[PDB]
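K.L.:
Take this structure first; my questions come after.
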Amino acid sequence: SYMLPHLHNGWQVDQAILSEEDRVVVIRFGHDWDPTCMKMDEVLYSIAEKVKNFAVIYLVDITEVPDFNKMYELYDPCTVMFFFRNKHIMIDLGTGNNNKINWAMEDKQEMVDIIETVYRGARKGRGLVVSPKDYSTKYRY
Amino acid sequence: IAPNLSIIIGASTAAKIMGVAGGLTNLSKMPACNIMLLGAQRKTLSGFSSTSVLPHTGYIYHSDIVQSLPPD
Amino acid sequence: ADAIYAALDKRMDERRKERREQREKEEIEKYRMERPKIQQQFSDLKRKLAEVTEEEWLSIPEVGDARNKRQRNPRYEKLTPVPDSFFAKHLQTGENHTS
Amino acid sequence: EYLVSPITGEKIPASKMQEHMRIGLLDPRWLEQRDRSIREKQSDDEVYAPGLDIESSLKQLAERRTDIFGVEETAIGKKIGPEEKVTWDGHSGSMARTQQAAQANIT
Amino acid sequence: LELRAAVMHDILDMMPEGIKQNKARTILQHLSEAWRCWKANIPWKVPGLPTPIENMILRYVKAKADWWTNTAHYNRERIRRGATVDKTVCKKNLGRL
Amino acid sequence: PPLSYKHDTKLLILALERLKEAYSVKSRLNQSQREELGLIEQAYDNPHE
Amino acid sequence: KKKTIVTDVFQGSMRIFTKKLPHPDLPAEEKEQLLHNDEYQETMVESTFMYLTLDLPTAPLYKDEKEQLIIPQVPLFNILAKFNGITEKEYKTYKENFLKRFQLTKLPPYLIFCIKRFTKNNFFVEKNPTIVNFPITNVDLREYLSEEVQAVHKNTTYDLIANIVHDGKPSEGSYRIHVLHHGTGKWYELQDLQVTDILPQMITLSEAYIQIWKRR
RNA sequence: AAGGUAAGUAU
């Protein structure tokens, strides 16, 4: 949360999405103080170095940067969104919202798998990638 | 009699190795591999493994400087 | 005109705003009596950091990893099929003597 | 003293013999490997935030989570204890009005 | 997470970071290794670590260890009772136990 | 166990069979599993050694 | 009555210097002016006690470099570093911290030491297993009395006569007692029905919880 | 009420 790079205005988010040409930009829209956001940010920090080759992770404060709240529907407590070559990438998570990940994921391997799948699909030119795990159920038993 | 050897290791261990080796001359004529085994009691393993009994261990091993190290 | 409706909503909330923001104050105080805040649990230690000089601060060492290359970055663990002799041996079973 | 080189065919001082053998056969692909290990290291980016950013983020988080920090305890997200920015809604029909409103907000 | 954030904020606040900002990340690394050294049941004694810093890191490790033990036991009792839990939660709880 | 034991080989085969029972179900073998299977096969090929 | 059989036997008099520690997140000039405002200054308050509560050091929490898993021990006089003007104890409260240094005034004829175990941490209650290193024959508390009252109390030597020890975790633990036979000088432990003759030296190698001392 | 949006070029 306090270790990952932070974007402080809409122009910085624009440049961060535009700058990367061979890596998927992973942006967490939310608040540092949000417990869901703290879990998501600590998972991202855990996998921040491992995905250095094919991913860059930034953190955006929606209260400080409400520039994308209207278009991206950034109204959930936490949101994770992927961009590739200035192009939002959708994920068939099975949750009904393919445009974003709007919950905290516990396992750090699942996020790595999602980023890897997004990178593969986007480099192949796709705009939608089917996630390796179906999140229509939390698999709680 | 043995200032350097008493500097390296304590005089207690110095005396215990000099007495068991037969004197300063006999201990100086002894190979370095045979000095570490001076005063090595063949402790009988009582069910336990040989490593627990610390085999091939002598005054040097039980000296102050060696015992001031982690067991590994 | 938005301010009119906002003030109207605040006025309607004014029914028990003082009587419920006061009870929550006592609840917070009672909770903190038993479970103090995390920052206050380190207040004395945080106070004692004033005696660490700048050179001592610079003398903090960088953390390294004890485990070696074989554990930090192991080579890929190749998976190989079970030998054919296992199929053969499973096949031997079930062949029964006639006597 | 002076010694003949078994690796170079030249006479060398006796004191430099050990280092002469040690670095007279330094495999040049070791230098290549070190070069490519340093070229990638220079080009590496900063995954994490710098010290200033970490400190500022920690203070900003503390300014909101008053159930951990501070003395008084407000809600989880409240900081205690005009102009509203115009933002595009993501529709092509409203690009012009949003752009002009952004222009019209400059003092 | 809240404990790590609080300890790091306190250390960085008392740190005269006008010259030593680059140590900040290093500090967190210590807060990891000590914790790991407690989880690995191995000795942890940094020789260059100042005594107040080591004392607060030890306090943080003790608090986190108390929370860790309580959470592990609570989750284990939940699972034993029959509480509906995830696979990752089960793996983490098994590791803690 | 004597060197000329009448059952020195039958017991060895029984012991190796139990060690290979963990692999009776077909599965992908990693390095440790295939090393153990190689050791078992070597013991079976040269029972006296 | 002011002087009952418990006051003249167990009760002593202790002095407390309670200084209010300022909040750390304050300006240095503001800190010193708050100190000058008399709000954050020492306030000598006398009091009486039936027993002296002795705080123990925190467990090492780690293995030693050489002897892994070494039992933690502390000398008694280090525990009794309390009750003097030199040392201070930062008592932390959810509101604010305080600096309360103690100073003994009148030592009772029979002094009870209650060693602080079973401390409730943030999540449960844990016992501090630190072994107290104390003598059982002769001590001296003259260094633990203020100079004004040192003349008044000519005797400061106490002998251990009773010792309580708690065995087991705080969830379920047994309370054993070692009692010194005053007539014979021997030490006998009795756990309920069981009575055994423990050597006096082996008394101090226990996790003491409550002790009774006699000044003679 | 949902967990049922193919994505991609072109105006």
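Every chain in the structure tokens has a letter given in the order shown (A, B, ...), and although residue numbers restart at 1 in each chain, ligands are simply numbered from 1 in the order shown.
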For residue 206 in chain G, please output as a compact mmCIF listing (two decimals) with N, CA and C atoms, in the first residue's frame all residues within 10 Å (counting only C-alpha atoms (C1' of nucleotides); exclusion window: fewer than 3 positions along the same chain).

P.N.:
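So the final result, stored in around.txt, reads:
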# COMPACT_ATOMS: atom_id res chain seq x y z
N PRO G 129 7.57 -16.74 31.91
CA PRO G 129 8.30 -17.84 32.55
C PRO G 129 9.69 -17.49 33.05
N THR G 130 10.03 -16.20 33.14
CA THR G 130 11.36 -15.80 33.55
C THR G 130 11.65 -16.28 34.97
N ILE G 131 12.82 -16.90 35.15
CA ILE G 131 13.22 -17.44 36.44
C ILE G 131 13.81 -16.32 37.29
N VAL G 132 13.26 -16.14 38.49
CA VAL G 132 13.74 -15.11 39.40
C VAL G 132 14.96 -15.64 40.15
N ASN G 133 16.05 -14.88 40.11
CA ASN G 133 17.30 -15.26 40.77
C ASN G 133 17.38 -14.46 42.07
N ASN G 163 7.07 -19.22 49.86
CA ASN G 163 7.20 -19.02 48.42
C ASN G 163 6.07 -19.74 47.71
N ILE G 164 5.37 -19.03 46.84
CA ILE G 164 4.36 -19.62 45.97
C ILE G 164 4.96 -19.77 44.58
N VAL G 165 4.64 -20.88 43.92
CA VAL G 165 5.12 -21.13 42.57
C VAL G 165 3.97 -21.71 41.75
N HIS G 166 3.85 -21.24 40.51
CA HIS G 166 2.79 -21.67 39.60
C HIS G 166 3.40 -22.53 38.51
N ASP G 167 2.92 -23.77 38.39
CA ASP G 167 3.40 -24.71 37.39
C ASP G 167 2.32 -24.92 36.35
N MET G 202 17.30 -25.56 46.14
CA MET G 202 16.41 -25.79 45.02
C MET G 202 15.14 -24.94 45.07
N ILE G 203 14.98 -24.10 46.09
CA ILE G 203 13.80 -23.24 46.17
C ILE G 203 13.86 -22.16 45.10
N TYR G 209 5.88 -16.79 42.22
CA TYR G 209 4.72 -15.94 41.99
C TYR G 209 4.38 -15.08 43.19

K.L.:
So that I can check the surroundings of residue 93 in chain E, please list as a list in words every protein, DNA and RNA residue that reaches within 7 Å of it, counting only C-alpha atoms (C1' of nucleotides) and ignoring chain neighbours fewer than 5 positions away.

P.N.:
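Here the qualifying residues turn out to be residues 72, 75 and 76 of chain E.
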
K.L.:
Those residues with N, CA and C atoms, as a tab-separated table (two decimals), in the first residue's frame please?

P.N.:
chain	number	residue	atom	x	y	z
E	72	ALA	N	-4.58	-18.25	14.43
E	72	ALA	CA	-4.43	-19.64	14.03
E	72	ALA	C	-5.34	-20.54	14.84
E	75	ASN	N	-9.09	-19.88	13.88
E	75	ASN	CA	-9.43	-20.46	12.58
E	75	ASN	C	-9.47	-21.98	12.66
E	76	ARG	N	-8.56	-22.59	13.42
E	76	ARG	CA	-8.57	-24.04	13.58
E	76	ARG	C	-9.85	-24.50	14.27

K.L.:
Give me the residues within 12 Å of residue 89 in chain C as a list in words, counting only C-alpha atoms (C1' of nucleotides) and dropping any in the same chain fewer than 5 places off.

P.N.:
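Counting only the stated atoms, we get residues 83, 84, 94 and 95 of chain C; 17, 20, 21, 23, 24 and 25 of chain F.
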
K.L.:
Using DSSP secondary structure from the backbone, list all strand (DSSP E) positions within chain A, as JSON, numbers by chain.

P.N.:
{"A": [6, 7, 24, 25, 26, 27, 28, 29, 30, 55, 56, 57, 58, 59, 60, 61, 78, 79, 80, 81, 82, 83, 88, 89, 90, 91, 92, 128, 129, 130]}

K.L.:
Calculate how many Å separate CA of residue 3 in chain A from CA of residue 15 in chain A, rounding to one decimal.

P.N.:
20.1 Å
